[PDB]
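J.: Before I ask anything, here is the structure I am working with.
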Amino acid sequence: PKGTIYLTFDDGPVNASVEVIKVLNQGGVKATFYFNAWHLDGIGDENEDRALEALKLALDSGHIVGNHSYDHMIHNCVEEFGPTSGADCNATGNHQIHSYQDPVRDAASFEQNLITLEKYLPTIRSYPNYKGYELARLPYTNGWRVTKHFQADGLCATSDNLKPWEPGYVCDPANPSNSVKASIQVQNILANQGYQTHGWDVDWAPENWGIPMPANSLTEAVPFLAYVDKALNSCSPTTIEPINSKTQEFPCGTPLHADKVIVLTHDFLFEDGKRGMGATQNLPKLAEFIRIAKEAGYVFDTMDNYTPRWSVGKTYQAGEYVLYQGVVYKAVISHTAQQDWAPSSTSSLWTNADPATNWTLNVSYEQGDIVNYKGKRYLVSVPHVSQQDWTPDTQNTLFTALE
Amino acid sequence: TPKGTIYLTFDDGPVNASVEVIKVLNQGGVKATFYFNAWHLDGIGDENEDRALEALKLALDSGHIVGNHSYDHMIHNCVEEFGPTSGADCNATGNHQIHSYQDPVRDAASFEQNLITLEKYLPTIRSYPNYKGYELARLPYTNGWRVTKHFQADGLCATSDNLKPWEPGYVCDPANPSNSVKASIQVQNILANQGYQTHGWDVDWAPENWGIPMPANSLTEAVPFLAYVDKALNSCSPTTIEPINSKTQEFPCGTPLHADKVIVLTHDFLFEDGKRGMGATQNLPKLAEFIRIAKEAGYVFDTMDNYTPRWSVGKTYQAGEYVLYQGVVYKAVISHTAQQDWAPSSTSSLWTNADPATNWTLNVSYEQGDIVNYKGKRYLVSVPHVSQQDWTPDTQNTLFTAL
Ligand SMILES: CC(=O)N[C@@H]1[C@@H](O)[C@H](O)[C@@H](CO)O[C@@H]1O
Ligand SMILES: CC(=O)N[C@@H]1[C@@H](O)[C@H](O)[C@@H](CO)O[C@@H]1O
Ligand SMILES: [Ca+2]
Ligand SMILES: [Ca+2]
Ligand SMILES: [Zn+2]
Ligand SMILES: [Zn+2]
């Protein structure tokens, strides 16, 4: 395979999601859907009466469902959140403005998302492809919490004053907006609940948002495949445009990102409706893209596999990463995986490399890491692998409490 | 060896009274488990609770275990519309135990809301290893257990559709439980599919006399309460306990995991000088004394996170013995001594997963007649077997029969 494409669809489940999924199924591929459950409540200002149907269809078809927050942060676009808020924020177009404010409340939206999904589809946890409590992606934000050493933020994703295209708009990644700062804190809060978050490499979007029916200008399949070819092994989260889509400090060349392209797109771009004739014009682009991408040697996978599953029989090199039971591990020593020697909190063969900051067992801590433990912050003074006896409040040779 | 293990469990905190309870436990040199309802943090729980957050912090800083007792103690099912006054409204009627569970999906959701509220008021709470809000739960009103796949049982008369246990004409039929009970059974199953264990109790430290104006004053004295604990030790109390709504009728008497252990239920609010009596002045001394004399009698105190004993390297396990490892219950396949690199897991030959859940799961020893959920469908285990990845119920029409 020349690479692996991860088709990721944001902002469903909506009516438009249904035909998208059928195109995927016909194409013989699985995708990842980052869902906002407010559509299930009928308050998301989309054609969304088939939201539940779409959710079930996504899950019955084997696609992965991940967590895009309950309301896409629309509570931070309006004065008081309610059933008309999506339409209000759509009226103003202030989505990217003050998008994150109180990061605790904003992170709680992701958990509210689990509540609502599990409300409308009480069986959802019986689906192994339901990953709502494991995989997430922040509204507006090309931000990543993949592993302890694969993390980076969208430093100008959202603004305190002006939308990006506007004159005089400033973006200083070194002194990011308050919204960006808050969004970083959300990332951290989620990572401490065990989420990975993933950004994207390429965004399948209207080439022109200024024309009527802008969804019609979704990149045609052939040139889109060119964009994908260009993103492959090219650290495109740093070079992608527009600016609010960049991940400025993305660890170019980080091993898990090799030979992979994450495509972001939006279900709503594939309906015939307020944005254009997206079903008529864009469903065949999706279909053709899948066909010609396969032809060209790409395979398609899902974000539960973006960090590969630990596999019995496979030989691992030290430093290689796996996902095992939702936790990221990094191989300590090269070896071949066998049945009883899975990664764990006590394995000598692996350390826990989750992208989290709370003190955790069997983590290779590095000098300069700051960890949280029983409500305090501690600076790691000497590198070591955490173990139960070496708690930060009792090991001042390893940790120093910060003020 | 100790005479047995006592698990002090305090329900309905965090409130003001919690603080002095915690201090006495601390002076007693013991750790307890608090099953909390976060509505007190919002100040709508109708208790003296301005120090709720102080109490939560103190509980966690003192090393006590925090477990999930749901956000509002199901008060939303005691009133027409849940709101800031519903606690008082329900205290006005005394209908806590009537229609206590209705929509199990919604009631189970209160346990997740509890997580949200706790993590809102104390954003650092996940940095406490003693925070087990997302792992350990107890249903309001209900002596119900989801411990292991072979250690589960319900409070078949815990809650009612009409009358309370003391009202004449009240009838408890375990064989044909109330609707509220059936709903609570579903809540147990929902939480268990989210990874919770739930535990009931063996003895309840409560007013000896609810008919006086200051009922808290009649909390059993230390010596005779110790006698109750003694009586409970190895004698299947959940079946014999009174009142009837506190029974666990089908409790697996003699089940090994329950041997030599006594779980004590009590309530923080019984240790307050206030509307229930002189709880602080009268009951804090009883608590202190009970701790002293229990120890002198050979008992040790432990927390509910250890009720299912944590897996520990170096310990020898026997075939069929249960452990907890990373919040998951496992059951030993053969007698062996535990080694660092051979931990229980989804792929371990030494252990099977024995969580008390019903969703189809890897490496579970299924029995004939077990019913599992998988991708939205229910399957009868026709051929008992240990589940593996290639034997998903949708593809194994000999091992499983679709219902
Ligand atoms: C231009 C456009 O379609 N923007 C949409 C907005 O309509 C929607 O409410 C939001 C949440 O899904 O996502 C995007 O910002
Ligand atoms: C008689 C008594 O004290 N009942 C209490 C009730 O007051 C309280 O609101 C509820 C939830 O905390 O727990 C108990 O049912
Ligand atoms: Ca995880
Ligand atoms: Ca668990
Ligand atoms: Zn989005
Ligand atoms: Zn209670």
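Chains: A, B, ... in order of the structure tokens. Residues: from 1 per chain. Ligands: from 1, in order shown.
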Could you tell me, counting only C-alpha atoms and all ligand atoms, which protein and nucleic acid residues lie no more than 10 Å from ligand 4, written as an NGL selection string?
T.: :B and (132 or 134-136 or 146-148 or 191-198 or 324-329 or 355-357)
J.: Pick out the chain B residues within 8 Å of chain A. Count only C-alpha atoms. Give them as a PyMOL selection string.
T.: chain B and resi 60-61+105-106+109+112-113+116+119-120+123-129+193-194+326+340-343+345-350+359-360+373-376
J.: If you keep C-alpha atoms, can you produce a file of those selected residues as an mmCIF file, in the first residue's frame?
T.:
data_model
loop_
_atom_site.group_PDB
_atom_site.id
_atom_site.type_symbol
_atom_site.label_atom_id
_atom_site.label_comp_id
_atom_site.auth_asym_id
_atom_site.auth_seq_id
_atom_site.Cartn_x
_atom_site.Cartn_y
_atom_site.Cartn_z
ATOM 1 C CA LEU B 60 -9.771 13.041 48.398
ATOM 2 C CA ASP B 61 -6.738 14.726 50.103
ATOM 3 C CA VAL B 105 -31.503 5.197 30.357
ATOM 4 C CA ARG B 106 -32.131 8.585 31.989
ATOM 5 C CA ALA B 109 -27.362 9.014 32.778
ATOM 6 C CA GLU B 112 -22.476 10.248 34.095
ATOM 7 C CA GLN B 113 -23.836 13.715 34.997
ATOM 8 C CA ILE B 116 -19.485 15.993 34.936
ATOM 9 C CA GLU B 119 -15.102 17.327 37.435
ATOM 10 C CA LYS B 120 -16.565 20.839 37.119
ATOM 11 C CA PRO B 123 -11.231 20.084 37.907
ATOM 12 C CA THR B 124 -8.193 18.311 39.332
ATOM 13 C CA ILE B 125 -10.268 15.390 40.563
ATOM 14 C CA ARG B 126 -8.964 12.862 37.962
ATOM 15 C CA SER B 127 -5.411 13.346 39.310
ATOM 16 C CA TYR B 128 -6.523 11.574 42.510
ATOM 17 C CA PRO B 129 -6.073 7.803 42.198
ATOM 18 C CA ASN B 193 -21.808 -2.089 30.485
ATOM 19 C CA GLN B 194 -20.030 1.239 31.122
ATOM 20 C CA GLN B 326 -6.980 -1.560 35.847
ATOM 21 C CA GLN B 340 4.994 -8.610 36.138
ATOM 22 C CA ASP B 341 4.799 -9.350 32.458
ATOM 23 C CA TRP B 342 1.789 -11.686 32.583
ATOM 24 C CA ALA B 343 -1.007 -9.432 33.664
ATOM 25 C CA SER B 345 -6.006 -8.815 29.956
ATOM 26 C CA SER B 346 -8.198 -9.368 26.956
ATOM 27 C CA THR B 347 -5.595 -11.759 25.560
ATOM 28 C CA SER B 348 -4.276 -13.453 28.680
ATOM 29 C CA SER B 349 -4.294 -17.284 28.828
ATOM 30 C CA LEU B 350 -4.116 -17.039 32.602
ATOM 31 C CA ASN B 359 -22.167 -6.593 26.219
ATOM 32 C CA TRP B 360 -20.202 -9.194 24.266
ATOM 33 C CA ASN B 373 -25.421 -7.744 23.341
ATOM 34 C CA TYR B 374 -23.558 -7.212 20.147
ATOM 35 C CA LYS B 375 -24.012 -4.458 17.579
ATOM 36 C CA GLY B 376 -27.510 -3.642 18.743
#
J.: Using only C-alpha atoms and all ligand atoms, tabulate the residues of chain B lying at most 8 Å from any atom of ligand 2, each with its closest atom pair and that distance in Å to one decimal, by chain and increasing residue number, as JSON lines.
T.:
{"residue": "B:11", "atom": "CA", "partner": "ligand 2", "partner_atom_place_in_ligand_line": "12 (O)", "distance": 7.8}
{"residue": "B:12", "atom": "CA", "partner": "ligand 2", "partner_atom_place_in_ligand_line": "12 (O)", "distance": 4.7}
{"residue": "B:13", "atom": "CA", "partner": "ligand 2", "partner_atom_place_in_ligand_line": "12 (O)", "distance": 7.5}
{"residue": "B:37", "atom": "CA", "partner": "ligand 2", "partner_atom_place_in_ligand_line": "12 (O)", "distance": 7.4}
{"residue": "B:45", "atom": "CA", "partner": "ligand 2", "partner_atom_place_in_ligand_line": "9 (O)", "distance": 6.7}
{"residue": "B:46", "atom": "CA", "partner": "ligand 2", "partner_atom_place_in_ligand_line": "9 (O)", "distance": 6.6}
{"residue": "B:47", "atom": "CA", "partner": "ligand 2", "partner_atom_place_in_ligand_line": "9 (O)", "distance": 7.6}
{"residue": "B:72", "atom": "CA", "partner": "ligand 2", "partner_atom_place_in_ligand_line": "11 (C)", "distance": 7.5}
{"residue": "B:73", "atom": "CA", "partner": "ligand 2", "partner_atom_place_in_ligand_line": "11 (C)", "distance": 5.4}
{"residue": "B:75", "atom": "CA", "partner": "ligand 2", "partner_atom_place_in_ligand_line": "11 (C)", "distance": 7.4}
{"residue": "B:87", "atom": "CA", "partner": "ligand 2", "partner_atom_place_in_ligand_line": "9 (O)", "distance": 5.8}
{"residue": "B:88", "atom": "CA", "partner": "ligand 2", "partner_atom_place_in_ligand_line": "9 (O)", "distance": 7.5}
{"residue": "B:90", "atom": "CA", "partner": "ligand 2", "partner_atom_place_in_ligand_line": "9 (O)", "distance": 7.0}
{"residue": "B:91", "atom": "CA", "partner": "ligand 2", "partner_atom_place_in_ligand_line": "7 (O)", "distance": 5.4}
{"residue": "B:94", "atom": "CA", "partner": "ligand 2", "partner_atom_place_in_ligand_line": "1 (C)", "distance": 7.1}
{"residue": "B:96", "atom": "CA", "partner": "ligand 2", "partner_atom_place_in_ligand_line": "15 (O)", "distance": 5.8}
{"residue": "B:97", "atom": "CA", "partner": "ligand 2", "partner_atom_place_in_ligand_line": "15 (O)", "distance": 7.5}
{"residue": "B:140", "atom": "CA", "partner": "ligand 2", "partner_atom_place_in_ligand_line": "11 (C)", "distance": 7.8}
{"residue": "B:141", "atom": "CA", "partner": "ligand 2", "partner_atom_place_in_ligand_line": "15 (O)", "distance": 7.5}
{"residue": "B:269", "atom": "CA", "partner": "ligand 2", "partner_atom_place_in_ligand_line": "3 (O)", "distance": 7.6}
{"residue": "B:276", "atom": "CA", "partner": "ligand 2", "partner_atom_place_in_ligand_line": "3 (O)", "distance": 7.1}
J.: Could the residues in this selection be saved with N, CA, C and O atoms as an mmCIF file, in the first residue's frame?
T.:
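To be explicit, this is the file written out as selection30.cif:
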data_model
loop_
_atom_site.group_PDB
_atom_site.id
_atom_site.type_symbol
_atom_site.label_atom_id
_atom_site.label_comp_id
_atom_site.auth_asym_id
_atom_site.auth_seq_id
_atom_site.Cartn_x
_atom_site.Cartn_y
_atom_site.Cartn_z
ATOM 1 N N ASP B 11 -22.768 7.165 52.263
ATOM 2 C CA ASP B 11 -23.590 7.588 51.136
ATOM 3 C C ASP B 11 -24.197 8.987 51.332
ATOM 4 O O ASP B 11 -24.472 9.419 52.463
ATOM 5 N N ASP B 12 -24.352 9.686 50.212
ATOM 6 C CA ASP B 12 -25.148 10.923 50.094
ATOM 7 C C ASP B 12 -24.372 12.228 50.304
ATOM 8 O O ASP B 12 -24.941 13.316 50.181
ATOM 9 N N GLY B 13 -23.082 12.127 50.591
ATOM 10 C CA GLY B 13 -22.211 13.295 50.581
ATOM 11 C C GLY B 13 -22.027 13.802 49.161
ATOM 12 O O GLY B 13 -22.557 13.231 48.218
ATOM 13 N N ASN B 37 -23.174 12.276 45.768
ATOM 14 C CA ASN B 37 -24.169 12.854 44.872
ATOM 15 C C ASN B 37 -23.766 14.322 44.635
ATOM 16 O O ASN B 37 -23.879 15.142 45.536
ATOM 17 N N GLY B 45 -29.183 20.366 47.008
ATOM 18 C CA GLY B 45 -29.433 19.042 47.574
ATOM 19 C C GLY B 45 -30.176 19.041 48.906
ATOM 20 O O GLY B 45 -30.359 17.990 49.537
ATOM 21 N N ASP B 46 -30.627 20.223 49.322
ATOM 22 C CA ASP B 46 -31.391 20.397 50.562
ATOM 23 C C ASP B 46 -30.724 19.873 51.831
ATOM 24 O O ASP B 46 -31.384 19.295 52.688
ATOM 25 N N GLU B 47 -29.428 20.092 51.953
ATOM 26 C CA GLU B 47 -28.682 19.775 53.171
ATOM 27 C C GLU B 47 -27.859 21.003 53.472
ATOM 28 O O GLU B 47 -27.737 21.883 52.626
ATOM 29 N N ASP B 72 -28.178 13.265 41.396
ATOM 30 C CA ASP B 72 -29.259 13.808 42.213
ATOM 31 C C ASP B 72 -29.957 12.782 43.059
ATOM 32 O O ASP B 72 -31.066 13.025 43.535
ATOM 33 N N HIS B 73 -29.344 11.622 43.216
ATOM 34 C CA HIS B 73 -29.923 10.572 44.046
ATOM 35 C C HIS B 73 -31.313 10.201 43.534
ATOM 36 O O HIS B 73 -32.179 9.805 44.310
ATOM 37 N N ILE B 75 -33.671 12.114 42.586
ATOM 38 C CA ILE B 75 -34.740 13.000 43.031
ATOM 39 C C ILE B 75 -35.568 13.468 41.822
ATOM 40 O O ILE B 75 -36.734 13.803 41.964
ATOM 41 N N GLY B 87 -34.974 18.799 45.676
ATOM 42 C CA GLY B 87 -34.537 18.143 46.899
ATOM 43 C C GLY B 87 -35.466 18.435 48.076
ATOM 44 O O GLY B 87 -35.918 17.526 48.775
ATOM 45 N N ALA B 88 -35.757 19.716 48.297
ATOM 46 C CA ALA B 88 -36.694 20.104 49.351
ATOM 47 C C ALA B 88 -38.085 19.535 49.066
ATOM 48 O O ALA B 88 -38.700 18.927 49.941
ATOM 49 N N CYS B 90 -38.959 16.892 47.443
ATOM 50 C CA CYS B 90 -38.980 15.462 47.728
ATOM 51 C C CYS B 90 -38.830 15.172 49.233
ATOM 52 O O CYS B 90 -39.410 14.216 49.744
ATOM 53 N N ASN B 91 -38.037 15.971 49.946
ATOM 54 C CA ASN B 91 -38.024 15.837 51.402
ATOM 55 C C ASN B 91 -39.389 16.170 52.020
ATOM 56 O O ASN B 91 -39.751 15.602 53.046
ATOM 57 N N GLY B 94 -41.433 12.862 51.190
ATOM 58 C CA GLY B 94 -40.841 11.602 51.625
ATOM 59 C C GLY B 94 -41.009 10.481 50.619
ATOM 60 O O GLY B 94 -41.059 9.313 50.998
ATOM 61 N N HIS B 96 -38.952 9.454 48.176
ATOM 62 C CA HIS B 96 -37.680 9.085 47.563
ATOM 63 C C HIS B 96 -37.734 7.649 47.031
ATOM 64 O O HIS B 96 -37.271 7.358 45.922
ATOM 65 N N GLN B 97 -38.330 6.762 47.824
ATOM 66 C CA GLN B 97 -38.390 5.342 47.490
ATOM 67 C C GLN B 97 -39.576 4.929 46.618
ATOM 68 O O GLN B 97 -39.778 3.724 46.371
ATOM 69 N N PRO B 140 -28.861 4.519 44.384
ATOM 70 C CA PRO B 140 -29.761 5.007 45.429
ATOM 71 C C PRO B 140 -30.820 3.961 45.784
ATOM 72 O O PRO B 140 -31.391 3.345 44.888
ATOM 73 N N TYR B 141 -30.999 3.737 47.087
ATOM 74 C CA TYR B 141 -32.093 2.958 47.668
ATOM 75 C C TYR B 141 -31.916 1.469 47.570
ATOM 76 O O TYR B 141 -32.706 0.733 48.144
ATOM 77 N N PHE B 269 -24.895 12.415 56.640
ATOM 78 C CA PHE B 269 -25.848 13.315 57.271
ATOM 79 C C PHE B 269 -26.322 12.876 58.661
ATOM 80 O O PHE B 269 -26.899 13.686 59.420
ATOM 81 N N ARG B 276 -31.886 16.099 61.695
ATOM 82 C CA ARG B 276 -32.104 14.683 61.992
ATOM 83 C C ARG B 276 -31.701 14.339 63.429
ATOM 84 O O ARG B 276 -31.845 13.202 63.864
#
J.: For residue 354 (chain A), please output as a PyMOL selection string all residues within 10 Å (counting only C-alpha atoms; exclusion window: fewer than 2 positions along the same chain).
T.: chain A and resi 145-150+191-192+194-196+323+326-330+351-352+356-357+360+363
J.: Write to file, as a tab-separated table (two decimals), in the first residue's frame, the residues of the selection just made, with C-alpha atoms.
T.:
chain	number	residue	atom	x	y	z
A	145	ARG	CA	-3.33	14.28	21.55
A	146	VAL	CA	-2.13	11.00	20.17
A	147	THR	CA	0.75	9.93	22.36
A	148	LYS	CA	2.94	11.43	25.03
A	149	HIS	CA	5.29	12.69	22.22
A	150	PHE	CA	2.72	13.26	19.48
A	191	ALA	CA	-6.53	13.43	27.31
A	192	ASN	CA	-6.78	13.01	31.08
A	194	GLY	CA	-8.30	8.86	28.24
A	195	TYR	CA	-9.24	10.38	24.89
A	196	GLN	CA	-7.02	10.63	21.95
A	323	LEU	CA	-2.96	0.85	21.05
A	326	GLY	CA	-7.67	2.03	24.38
A	327	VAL	CA	-4.32	2.96	25.94
A	328	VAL	CA	-1.27	3.95	23.97
A	329	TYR	CA	1.93	2.11	24.73
A	330	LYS	CA	5.48	2.44	23.55
A	351	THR	CA	5.36	1.83	28.82
A	352	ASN	CA	2.17	3.80	28.86
A	356	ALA	CA	-2.14	12.71	29.25
A	357	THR	CA	-0.68	14.76	32.11
A	360	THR	CA	0.00	7.41	35.73
A	363	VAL	CA	4.99	5.97	32.15
J.: Could the residues that lie within 10 Å of ligand 5, counting only C-alpha atoms and all ligand atoms, be listed as a list in words?
T.: residues 9, 10, 11, 12, 34, 35, 36, 68, 69, 71, 72, 73, 95, 137, 138, 139, 140, 141, 264, 265, 266 and 267 of chain A
J.: What's around residue 318 (chain B) at 8 Å? Count only C-alpha atoms, leave out sequence neighbours fewer than 6 positions away in its own chain, and write the answer as a VMD selection string.
T.: chain B and resid 332 334 to 336
J.: Filtering to C-alpha atoms, could you give me those residues as a tab-separated table (two decimals), in the first residue's frame?
T.:
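Dumped to again_36.tsv:
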chain	number	residue	atom	x	y	z
B	332	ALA	CA	-7.88	-17.08	37.01
B	334	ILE	CA	-5.24	-22.05	36.48
B	335	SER	CA	-3.31	-21.91	39.71
B	336	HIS	CA	-0.17	-19.79	39.29
J.: Excluding residue 76 (chain B) and any residue of its chain fewer than 2 positions from it, enumerate the residues within 10 Å of it, using only C-alpha atoms, and give them as a ChimeraX atom specification.
T.: /B:71-74,78-83,86-87,90,96,100-102,106-107,110
J.: Could you save those same residues with N, CA and C atoms as a CSV table (one decimal), in the first residue's frame?
T.:
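For reference, again10.csv as written:
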chain,number,residue,atom,x,y,z
B,71,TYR,N,-25.9,11.8,40.3
B,71,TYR,CA,-25.9,13.2,40.5
B,71,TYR,C,-26.9,13.7,41.5
B,72,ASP,N,-28.2,13.3,41.4
B,72,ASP,CA,-29.3,13.8,42.2
B,72,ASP,C,-30.0,12.8,43.1
B,73,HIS,N,-29.3,11.6,43.2
B,73,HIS,CA,-29.9,10.6,44.0
B,73,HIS,C,-31.3,10.2,43.5
B,74,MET,N,-31.5,10.3,42.2
B,74,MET,CA,-32.8,10.0,41.6
B,74,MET,C,-34.0,11.0,42.0
B,78,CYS,N,-38.8,11.8,41.8
B,78,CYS,CA,-39.6,12.1,42.9
B,78,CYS,C,-40.5,13.3,42.7
B,79,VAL,N,-40.3,14.1,41.6
B,79,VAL,CA,-40.9,15.3,41.4
B,79,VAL,C,-41.4,15.4,39.9
B,80,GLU,N,-42.4,16.2,39.6
B,80,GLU,CA,-42.9,16.5,38.3
B,80,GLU,C,-41.7,17.0,37.4
B,81,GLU,N,-41.0,18.0,37.8
B,81,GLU,CA,-39.9,18.6,37.0
B,81,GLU,C,-38.7,18.9,37.9
B,82,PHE,N,-37.6,18.4,37.5
B,82,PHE,CA,-36.4,18.6,38.3
B,82,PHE,C,-35.9,20.0,38.3
B,83,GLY,N,-35.5,20.5,39.4
B,83,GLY,CA,-35.0,21.9,39.5
B,83,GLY,C,-34.3,22.2,40.9
B,86,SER,N,-36.1,20.7,44.0
B,86,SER,CA,-36.6,19.4,44.0
B,86,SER,C,-36.2,18.5,45.2
B,87,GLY,N,-35.0,18.8,45.7
B,87,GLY,CA,-34.5,18.1,46.9
B,87,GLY,C,-35.5,18.4,48.1
B,90,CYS,N,-39.0,16.9,47.4
B,90,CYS,CA,-39.0,15.5,47.7
B,90,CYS,C,-38.8,15.2,49.2
B,96,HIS,N,-39.0,9.5,48.2
B,96,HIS,CA,-37.7,9.1,47.6
B,96,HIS,C,-37.7,7.6,47.0
B,100,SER,N,-38.8,5.5,42.2
B,100,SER,CA,-37.4,6.0,42.3
B,100,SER,C,-36.6,5.9,40.9
B,101,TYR,N,-37.0,4.9,40.2
B,101,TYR,CA,-36.4,4.6,38.9
B,101,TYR,C,-37.6,4.5,37.9
B,102,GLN,N,-37.5,5.1,36.7
B,102,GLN,CA,-38.5,5.1,35.7
B,102,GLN,C,-38.0,4.8,34.4
B,106,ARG,N,-32.3,7.3,31.3
B,106,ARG,CA,-32.1,8.6,32.0
B,106,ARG,C,-31.6,8.5,33.4
B,107,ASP,N,-32.0,7.5,34.1
B,107,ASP,CA,-31.5,7.3,35.5
B,107,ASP,C,-30.0,6.9,35.5
B,110,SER,N,-27.7,9.9,35.1
B,110,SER,CA,-27.4,10.7,36.3
B,110,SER,C,-26.0,10.3,36.8
